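Here is the structure we will look at.
Number of protein chains: 2
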Amino acid sequence: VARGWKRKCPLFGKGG
Amino acid sequence: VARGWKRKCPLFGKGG
């Protein structure tokens, strides 16, 4: 894992 | 836009 996939998707977001 | 990119990224998540 990169960071901490929690609420406010920091990295794993727009990626879709 | 697909859904509603808010807190708990529903769609735009792991995609990244």
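From first to last, the protein sequence lines are chains B and A.
Using the deposited numbering, the first residue of the first sequence is number 1, and each one after it goes up by one.
Using the deposited numbering, the first residue of the second sequence is number 1, and each one after it goes up by one.
Quick reminder that beta carbons are idealized off the backbone N, C-alpha and C, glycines included.
Beta bridge counterpart(s) of residue i as assigned by DSSP
i              : result
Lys8 (chain A) : B:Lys8
Any chain B beta carbon closer than 9 angstroms to residue i
i               : result
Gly15 (chain A) : yes
Quick one, which residues of the region 2-14 of chain A are near chain B if we go by CB-CB under 8 angstroms, in chain order?
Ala2, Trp5, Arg7, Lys8, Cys9, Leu11, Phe12, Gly13, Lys14
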